[PDB]
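Numbering (the entry's author numbering), first residue to last: 32 to 396.
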Amino acid sequence: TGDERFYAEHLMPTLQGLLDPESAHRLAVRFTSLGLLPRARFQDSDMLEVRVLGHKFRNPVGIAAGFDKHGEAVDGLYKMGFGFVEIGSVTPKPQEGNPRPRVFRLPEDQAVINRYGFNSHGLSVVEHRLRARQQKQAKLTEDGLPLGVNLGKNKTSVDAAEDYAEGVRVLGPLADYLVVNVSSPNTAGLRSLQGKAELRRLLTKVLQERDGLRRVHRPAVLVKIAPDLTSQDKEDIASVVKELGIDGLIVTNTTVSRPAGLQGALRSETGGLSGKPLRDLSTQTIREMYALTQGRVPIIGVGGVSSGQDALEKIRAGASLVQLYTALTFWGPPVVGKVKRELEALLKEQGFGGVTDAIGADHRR
Ligand SMILES: Cc1cc2nc3c(=O)[nH]c(=O)nc-3n(C[C@H](O)[C@H](O)[C@H](O)COP(=O)(O)O)c2cc1C
Ligand SMILES: CC(C)=CCC1=C(O)C(=O)c2ccccc2C1=O
Ligand SMILES: O=C(O)c1cc(=O)[nH]c(=O)[nH]1
């Protein structure tokens, strides 16, 4: 389409030439929040509907955590055509995150490196922001546009499990699903919570807190994992998720690896790498986690999605839903309708009745 070409070829590269990435992010959130974007033209086909995690998703393309960290732009993100929105990560207390600069573009790689370090307005501010639109969200969710909330932990926390428990208590009642984010590369010791013993203790506490919420306020609980896990780590996570009845996995966060071939001048910056160089590392992690959970644990697939093909590869590997972030930063809002249009076309070409028929299809070949 003309908008896709205009944004991708002219407007976004021009604005990126003018603005440092964190300034660009802040202006993107402000513009989205104000609805200063035409309403998406693409009308969602019945082929794109997914029923998973106790909810209807009008389309399987979500905005990944970290774009709307503080729940400021939720309605603008639905207006952009996302089938679901995930906010956060949110930490219990407000915290500033790492010193600036902490976000870096790798244009030659269609990648970003970030070390934000969980900059967060904190649970109380986000709670009041979501409460201001709680019944609007109830109607959106009923109409197939669910809301996820991603929970983090404060830098100076002495008890990680209590940070996540506080998040469940405060934002669980406002969420369709919660994400226990134990895979940020930018908080010291956080990824150690993916270990078997630490994860079983942490997730038992999180599920007990969730189960204590009133039924209409009781969200699904997902664990978001790194792309950098050992085979042992992945087997341990699969075992714990099945043992405790965790509702789903988000696969994956950013990578601390630096794949051979990166060209960006900023490739050796500390932080998590996102975008195209992460794509197939994430797809293969989805594939492994689907097999280790016997296809019984819903997966939200994320990492380097910028086309219908990228989305369908993750769905065929075992994802019920996908998310994107970094593609939005390069191609702008038109990328959402592009992914959905291309995904519909490919499902038809490959003989799938809809997204649901394609979930895990590669494992049945
Ligand atoms: C600038 C930036 C900030 C992010 N912040 C968060 C976060 O707060 N919580 C989280 O779970 N993931 C966060 N992520 C990771 C994304 O949710 C996603 O897992 C990852 O970027 C891969 O998707 P992509 O290649 O489509 O960007 C962030 C990613 C980026 C690029
Ligand atoms: C061109 C404008 C105004 C916004 C696009 C954008 C980036 O360029 C960026 O680097 C970026 C980096 C991290 C998060 C979000 C973004 C983003 O939203
Ligand atoms: O630094 C952050 O806040 C952040 C970055 C990232 O890539 N992933 C995440 O979970 N948090």
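We treat Cβ as the ideally placed atom computed from N, Cα and C, and that holds for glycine.
Checklist entry - Taking just the CA atoms, how far does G349 sit from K265? => result The count along the sequence shown starts at 1 and reaches residue 265 at position 234. The count along the sequence shown starts at 1 and reaches residue 349 at position 318. Taking the straight line joining both Cα atoms gives about 15 Å.
Checklist entry - So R310 packs on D259, CB below 8 Å; how close in whole Å? => result The residue given as residue 310 occupies position 279 in the sequence shown. The residue given as residue 259 occupies position 228 in the sequence shown. At roughly 15 Å, the Cβ-Cβ gap does not stay under 8 Å, so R310 and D259 are not in contact.
Item to check | Residue burial classification, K170 (beta-carbon count within 10 angstroms, cutoff 16) | outcome: Looking up residue 170 in the sequence shown gives position 139. Flag for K170 reads exposed.
Checklist entry - If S305 and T357 are in contact, beta carbons under 8 Å, what's the gap, nearest whole angstrom? => result Sequence index remark: in the sequence shown, residue 305 carries index 274 (1-based). Sequence index remark: in the sequence shown, residue 357 carries index 326 (1-based). Your pair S305 and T357 checks out as a contact, with CB atoms roughly 4 Å apart and the cut at 8 Å.
Item to check | Where the beta strand (DSSP E) through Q166 begins and ends | outcome: Position 135 of the sequence shown, counted from the start, is the residue given in the question as residue 166. Not the beta strand (DSSP E): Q166 falls in the alpha helix (DSSP H), residues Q165 to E173.
Next on the checklist: Is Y147 close to ligand 1? I mean its beta-carbon at under 7 Å from any heavy atom of the ligand.
Outcome noted: Position 116 of the sequence shown, counting from 1, holds the residue named residue 147. Because some heavy atom of ligand 1 lies under 7 Å away, the Cβ of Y147 counts as near it: yes.
Next on the checklist: Considering only their Cβ atoms, is the gap separating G276 from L253 smaller than 8 Å?
Outcome noted: The residue given as residue 253 occupies position 222 in the sequence shown. The residue given as residue 276 occupies position 245 in the sequence shown. No.
Next on the checklist: Assuming contact is defined by CB atoms lying nearer than 8 Å, are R89 and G114 in contact in what I supplied?
Outcome noted: As a first step, residue 89 is located in the sequence shown; it is residue number 58 there, counting from the start. As a first step, residue 114 is located in the sequence shown; it is residue number 83 there, counting from the start. Yes.
Next on the checklist: Relative to the C-alpha of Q315, which candidate in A251, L238 and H394 has its C-alpha closest?
Outcome noted: Translated into the one-based positions of the sequence shown, residue 315 becomes position 284. Here the closest residue by C-alpha is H394.
Checklist entry - Would the beta-carbon of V237 fall within 8 Å of that of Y195? => result Within the sequence shown, residue 237 is the residue found at index 206, counting from 1. Within the sequence shown, residue 195 is the residue found at index 164, counting from 1. Cβ atoms of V237 and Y195: closer than 8 Å.
Checklist entry - To the nearest whole angstrom, what separates the beta carbons of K345 and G332, a pair I think is in contact under 8 Å? => result One-based indexing of the sequence shown puts residue 345 at position 314. One-based indexing of the sequence shown puts residue 332 at position 301. A Cβ-Cβ distance of about 3 Å is found for the pair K345 and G332, placing them in contact under the 8 Å criterion.
Checklist entry - Do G339 and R372 have their C-beta atoms closer together than 8 Å? => result Taking the first residue of the sequence shown as position 1, residue 339 is located at position 308. Taking the first residue of the sequence shown as position 1, residue 372 is located at position 341. For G339 and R372, yes; Cβs fall inside 8 Å.
Checklist entry - Can you tell which of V83, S64, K124 and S270 has its C-alpha closest to the C-alpha of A191? => result Residue numbering aside, residue 191 sits at position 160 when the sequence shown is read from its first letter. Across the set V83, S64, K124 and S270, the C-alpha of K124 shows the shortest separation from the C-alpha of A191.
Checklist entry - How would you write the range of the beta strand (DSSP E) that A251 sits in, first residue to last? => result Against the sequence shown, residue 251 aligns to sequence position 220. Boundaries of the beta strand (DSSP E) harbouring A251: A251 to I256, taken from the DSSP string.
Next on the checklist: Considering only heavy atoms of ligand 2, does any lie closer than 7 Å to the CB of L46?
Outcome noted: As a position in the sequence shown, residue 46 is number 15, starting the count at 1. Yes, Cβ of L46 sits closer than 7 Å to a heavy atom of ligand 2.
Checklist entry - Quick one, which of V201, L224, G128 and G226 has its alpha-carbon nearest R249's? => result Along the sequence shown, read from residue 1 onward, the residue named residue 249 stands at position 218. Minimum Cα distance to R249 is reached at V201.
Item to check | Proximity of residue 1 and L79 at Cβ, strictly below 8 Å | outcome: Given that the chain is displayed from residue 32 to residue 396, the structure contains no residue 1 and the question cannot be resolved.
Item to check | Whole-number beta carbon distance between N145 and residue 404, since they are thought to touch under 8 Å | outcome: Residue 404 falls outside the range modelled here, since the chain spans only 32 to 396, and no answer is possible.
Checklist entry - Relative to the C-alpha of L378, which residue among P365, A392, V366 and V367 is closest? => result Position 347 of the sequence shown holds residue 378. Closest in C-alpha terms to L378, from the list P365, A392, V366 and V367, comes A392.
Next on the checklist: Within a Cβ cutoff of 8 Å, which residues of the same chain sit near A389, ignoring the five residues on either side of it in sequence?
Outcome noted: Translated into positions along the sequence shown, residue 389 becomes position 358. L343, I346, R347, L378, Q381 and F383.
Checklist entry - Where does the unbroken beta strand (DSSP E) through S313 begin, and where does it stop? => result Numbered from 1 along the sequence shown, position 282 holds the residue referred to as residue 313. Looking at the DSSP string, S313 is not in any beta strand (DSSP E); the run it does join, the alpha helix (DSSP H), is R310 to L323.
Next on the checklist: Helix, strand or coil for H86? Go by DSSP, reduced to three states.
Outcome noted: For this step, residue 86 is matched to residue 55 along the sequence shown. In the structure shown, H86 sits in a strand (DSSP, three-state: E or B).
Next on the checklist: Judging by CA-CA distance, which residue of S313, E240 and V105 is the nearest neighbour of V116?
Outcome noted: Start at 1 with the first residue of the sequence shown, and residue 116 comes out as number 85. Closest option to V116, Cα to Cα, is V105.
Item to check | Secondary structure of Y208, DSSP reduced to three states | outcome: Residue 208 sits at position 177 when you count from the first residue of the sequence shown. Here DSSP, grouped into helix, strand and coil, assigns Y208 to strand.
Next on the checklist: Using DSSP's beta-bridge definition, name the partner residues of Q354.
Outcome noted: On the sequence shown, residue 354 is found 323 positions in, with the first residue counted as 1. Beta-bridge pairing links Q354 to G93 and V333.
Checklist entry - Can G114 be considered in contact with ligand 3, in the sense that its beta carbon sits closer than 7 Å to one or more heavy atoms? => result Taking the sequence shown and counting its residues from 1, the one referred to as residue 114 is at position 83. Not one heavy atom of ligand 3 falls within 7 Å of the beta-carbon of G114.
Checklist entry - Should the region 281–289 be called in touch with the region 207–215, which here means at least 3 C-beta pairs below 8 Å? => result Taking one beta carbon from each stretch, the region 281–289 and the region 207–215 have 3 or more pairs nearer than 8 Å; the two touch.
Checklist entry - Is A96 near ligand 1, with its Cβ less than 7 Å from a heavy atom? => result The sequence position of residue 96 within the sequence shown is 65, counting from 1. Yes; taking the cut-off as 7 Å, the Cβ of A96 has a heavy atom of ligand 1 nearer than that.
Checklist entry - Excluding sequence positions up to five away, which residues of its chain have a Cβ less than 7 Å from the Cβ of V83? => result Within the sequence shown, residue 83 is the residue found at index 52, counting from 1. Here the set comprises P329, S351 and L352.
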